[PDB]
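Each chain, letter by letter, is given below.
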Amino acid sequence: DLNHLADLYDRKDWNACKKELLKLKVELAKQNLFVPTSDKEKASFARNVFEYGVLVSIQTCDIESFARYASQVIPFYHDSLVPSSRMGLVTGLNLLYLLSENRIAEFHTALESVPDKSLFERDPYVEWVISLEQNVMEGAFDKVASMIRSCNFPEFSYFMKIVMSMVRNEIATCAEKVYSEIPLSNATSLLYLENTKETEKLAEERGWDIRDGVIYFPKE
Amino acid sequence: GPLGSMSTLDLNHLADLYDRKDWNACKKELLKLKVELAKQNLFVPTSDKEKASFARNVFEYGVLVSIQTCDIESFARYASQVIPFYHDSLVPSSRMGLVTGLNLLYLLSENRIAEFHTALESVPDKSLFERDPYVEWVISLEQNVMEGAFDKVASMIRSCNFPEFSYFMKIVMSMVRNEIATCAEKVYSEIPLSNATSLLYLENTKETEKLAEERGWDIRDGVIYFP
């Protein structure tokens, strides 16, 4: 059963989790359970293995494995099993993945494909990601930044940082064109960075010169 | 002449009228010439290069006269007629670079960016991209537009040495201006009205007020406040 995997996961023993996932996947292969089956007991077990795979993959920033497990788990959801306690988080993670890769059409297709639409308000993870996507698309970057700063879902950290980097590049790209200079403090606010040293790092990355606390944007 | 042994009909009078900038006379001459093209079955390109060149030349003058008289419908019509003559083996006229550039500039001005690039892929002699001043300038313009290089676009347009491109200059500037304004909205909370006019490459304080209204900005005490 999955009690032991749950324990390993709870202790954040990711290396043991991966070894247990291998053991369980070998069992799935022996029983022909990689693809969903009408036998709900066995389908649920397989689904649950792949859910832990999604979670262990994000915890170890293994995005290749994440995307493989995500593709394996979602087909189990598009049938009639009792959702596990992980379903909202996994659904949320998959949506946020698509957002982080700017796969916006695929994101909205994924929402359309969600059997029960009430999920969008009932489940806090899915609700949060839907709101983040709306705020990004509307260019409400204050709200994006506030949502990402105050996010209470640790599992979203990896992808949220990618989203925030995309927003920050877009702001940075506008700024370097419509300013000739800006003080470091103002730029730190503008870019939703935490402090001016963070801004100094971004300035170096982008080729901006800083002199006496003022950023000068490359021109003519 | 180009149409027939004893014919007195050729392009010399149109070429005179064009250099005189007598655009109304040019239009009347173009209609005369097109009537004769119809009588001779020369609207459609023919393997007879003498005749095809004559018909092509009429349509090229049509392109040029149409843009001089601010007439985009006629311009687009004539452009659609002339380009098929280019996709065969005539010796290019002195107008071919300018016409090709105008067609490209038109597609850019309408944000028909896919068609812009298809049109470049269609140009038989791709050395034209570097050799011809008109085509080279438009290619550079479109590149700077795509990359969002606002100040380069503005500077190219401000120093353009090709009067025949004048029609499209403010149109392309408005495309870029939109983008600048979207940027300014994102990264400013306020700016003096006068600094906004300069940032946006606008002509005066009043045009900025209209743009303000159009985009929903507020102005007070000579200052713009962004939503």
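Residues numbered from 1 in each chain as written, not as in the entry; some residues may be left out. Chains lettered and ligands numbered in written order. Heavy atoms only, no water.

- In the PDB header, X-ray crystallography is given as the technique by which the entry was determined, and 1.585 Å as its resolution.

- Looking up chain B in the PDB entry gives the name 26S PROTEASOME REGULATORY SUBUNIT RPN12, with the organism given as Schizosaccharomyces pombe.
- Turning to chain B, the UniProt record has this under Function: "Acts as a regulatory subunit of the 26S proteasome which is involved in the ATP-dependent degradation of ubiquitinated proteins." (UniProt positions renumbered as here; feature names shortened; annotations may be inferred.)

- The name recorded for chain A in the PDB entry is 26S PROTEASOME REGULATORY SUBUNIT RPN12, from Schizosaccharomyces pombe.
- On record in UniProt, under Function, the comment for chain A is "Acts as a regulatory subunit of the 26S proteasome which is involved in the ATP-dependent degradation of ubiquitinated proteins."

1. Considerations on the overall build of chain B
Part 1: Within chain B one finds 12 helices and 3 strands.
Part 2: Over its C-alpha atoms chain B spans a radius of gyration of 22 Å, topping by over 25% the 17 Å that the globule rule assigns to 227 residues.
Part 3: C-alpha extents for chain B along the principal axes are approximately 75 × 35 × 25 Å.
Part 4: Burial statistics for chain B: of 227 residues in total, 48% are counted as buried.
Part 5: Across chain B, the fraction of contacts at a sequence separation of at least 24, relative to all contacts at a separation of at least 6, is 60%.
Part 6: Carbon and sulfur atoms provide 49% of the accessible area of chain B, an area that totals close to 12,100 Å². (Helix = DSSP H or I, 4+ residues; strand = E, 2+ residues; numbered from the N terminus. Rg over C-alpha atoms; globule rule 2.2 N^0.38 Å. Buried < 20%, exposed > 50% of the residue type's maximum accessible area, 1.4 Å probe, protein only. Contact = heavy atoms within 4.5 Å. Areas by Shrake-Rupley, 256 points an atom, 1.4 Å probe, with all protein chains shown as cover.)

2. Side note on the pattern of salt bridges
Residue and element names in this part refer to chain B.
Part 1: Enumeration according to the criterion identifies 16 salt bridges over all chains in this entry.
Part 2: Ionic pairing is found between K39 and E36, a salt bridge with its closest N-O pair at 3.0 Å. Separated by 3 residues within a single helix, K39 and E36 lie in helix α2 (residues 23-39), roughly one turn from each other.
Part 3: Notably, a salt bridge pairs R112 with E115, separated by 2.9 Å at the nearest N-O pair.
Part 4: Residue classification places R112 among the partly exposed residues on the basis of a relative accessible area of 27%.
Part 5: One network of salt bridges, in which partners are shared, links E110, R112 and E115. (Salt bridge = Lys/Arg side-chain N within 4 Å of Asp/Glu carboxyl O.)

3. Some remarks on the packing of helix α8 (residues 124-137) of chain A against helix α9 (residues 141-149) of chain A
All names here are of chain A.
Part 1: One way to put it is that α8 packs onto α9 with a least axis distance of 8 Å and a crossing angle of 150 degrees. As far as their axial angle goes, α9 and α8 are roughly antiparallel. In the packing of α8 onto α9, the handedness of the crossing is left-handed. Residues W128, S131, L132, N135 and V136 of α8 form the contact with α9, whose participating residues are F141, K143, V144, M147 and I148.
Part 2: Counted by class, the contact of α8 with α9 contains 7 nonpolar, 2 polar and 1 charged residues. (Axes fitted to C-alpha atoms, helices over the stretch in contact; angles between N-to-C directions. Parallel < 35°, antiparallel > 145°, perpendicular 65-115°, else oblique. Left-handed = near helix turned anticlockwise from the far one by under 90°. Nonpolar A, V, L, I, M, F, W, Y, C, P; charged D, E, K, R; others polar.)

4. A few points about the interface of chain A and chain B
Part 1: Each partner contributes to the interface: chain A provides 10 residues, whereas chain B provides 10 residues.
Part 2: In total, about 870 Å² of surface goes out of reach between chain A and chain B, with carbon and sulfur atoms giving 70% of it.
Part 3: In terms of surface lost to chain B, no three residues of chain A exceed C174, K177 and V178 of chain A, which account for 62% of the buried area on that side.
Part 4: On the surface where chain A and chain B come into contact, there are 0 salt bridges.
Part 5: Joining chain A to chain B, the criterion identifies 3 residue pairs in polar contact.
Part 6: The greatest single-element share of the side of chain A that touches chain B, amounting to 6 residues, is contributed by helix α10 (residues 157-178) of chain A.
Part 7: Here the residues of the side of chain A that touches chain B are counted per class, giving 7 nonpolar, no polar and 3 charged. (Buried area = accessible area lost by both parts, 1.4 Å probe. Polar contact = N/O pair within 3.5 Å; in protein donor to acceptor, adjacent residues only side chain to side chain.)

5. Let's talk about the sheet that holds strand β2 (residues 218-220) of chain B
All names here are of chain B.
Part 1: One open sheet holds the 3 strands; their spatial order is β1-β3-β2, and the pairing between them is antiparallel. Of all the strands in the sheet, the pair left with one neighbour each is β1 (190-192) and β2. Each neighbouring strand pair of the sheet contributes to a mean axis angle of 25 degrees, computed without reference to strand direction.
Part 2: Where β1 and strand β3 (residues 223-225) come together, 3 bridges link them in antiparallel fashion. Residue pairing in the sheet places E190 in a bridge with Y225 of β3. (Pairing = 2+ DSSP bridges.)

6. Structural notes on the side chain of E20 of chain A
Residue and element names in this part refer to chain A.
Part 1: Mapped onto the secondary structure, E20 falls in helix α2 (residues 14-30).
Part 2: It turns out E20 is buried and unbridged, and the closest side chain with the opposite charge, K23, is 5.9 Å from it.
Part 3: Aside from chain neighbours lying at most four places away, what touches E20 is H4, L5 and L8. (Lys, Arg positive; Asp, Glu negative; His and termini not counted.)

7. A look at the packing of aromatic side chains
Residue and element names in this part refer to chain A.
Part 1: Scanning the model with the defined rule gives 31 aromatic pairs over all chains in all.
Part 2: These aromatic residues form a ring-pair network of at least three members: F34, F50, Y69 and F76.
Part 3: The positively charged end of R68 is found above the aromatic ring belonging to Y69, 5.6 Å away from the centroid. (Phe/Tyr/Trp six-rings, centres within 6.5 Å; stacked < 30°, edge-to-face > 60°. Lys NZ or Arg CZ within 6 Å of the ring centre and 35° of its normal.)

8. Considerations on the environment of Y179 of chain A
Residues and elements named next belong to chain A.
Part 1: You can see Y179 is positioned in the loop between α10 and β1 (181-183).
Part 2: Residue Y179 is classed as buried on the basis of its relative accessible area, which comes to 14%.
Part 3: With 20 residues separating them in the primary sequence, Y179 and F159 have C-alpha atoms 30 Å apart.

9. A look at the state of the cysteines
Part 1: Applying the stated criterion to the full structure yields 1 disulfide over all chains.
Part 2: Between the sulfur atoms of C174 of chain A and its disulfide partner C183 of chain B the distance amounts to 2.1 Å. Around the S-S axis, the bridge from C174 of chain A to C183 of chain B shows a dihedral of about -65 degrees and counts as left-handed. Here the residue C174 of chain A occupies a position in helix α10, and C183 of chain B occupies one in helix α10 (residues 166-187), the pair thus bridging two chains.
Part 3: The thiol sulfur of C151 of chain A is not disulfide-bonded, and the nearest other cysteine sulfur, from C61 of chain A, lies at 15 Å. (Disulfide = S-S within 2.5 Å.)

10. A look at the nonpolar core
The nonpolar side chains of soluble globular proteins are, as a tendency, buried together.
Part 1: In terms of nonpolar packing, the biggest core is built from 161 residues, with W128 and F156 of chain A together with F165 of chain B touching the most fellow members.
Part 2: Discounting chain neighbours no more than four positions away, the residues touching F156 of chain A are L89, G92, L93, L96, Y125, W128, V129 and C151 of chain A. (Core = buried A, V, L, I, M, F, W, Y, C linked by side-chain atoms within 4.5 Å.)

11. Considering helix α12 (residues 196-206) of chain A
Residue pairs three or four apart in sequence face the same way in an α-helix, which turns once every 3.6 residues.
Residue and element names in this part refer to chain A.
Part 1: By the burial criterion, the buried members of α12 are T199, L202 and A203. All buried residues of α12 lie within an arc of 105 degrees about the axis, which places them on one face of the element. Turned more than 90 degrees away from the buried face of α12 sit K197, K201, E204 and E205, all of them exposed.
Part 2: Next to the buried residues of α12 lie α10, α11 (184-190), β2 (209-211) and β3 (214-216).
Part 3: Phi turns positive one or two residues past the end of α12, at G207, with a value near 75 degrees. (Arc of directions from axis to C-beta.)

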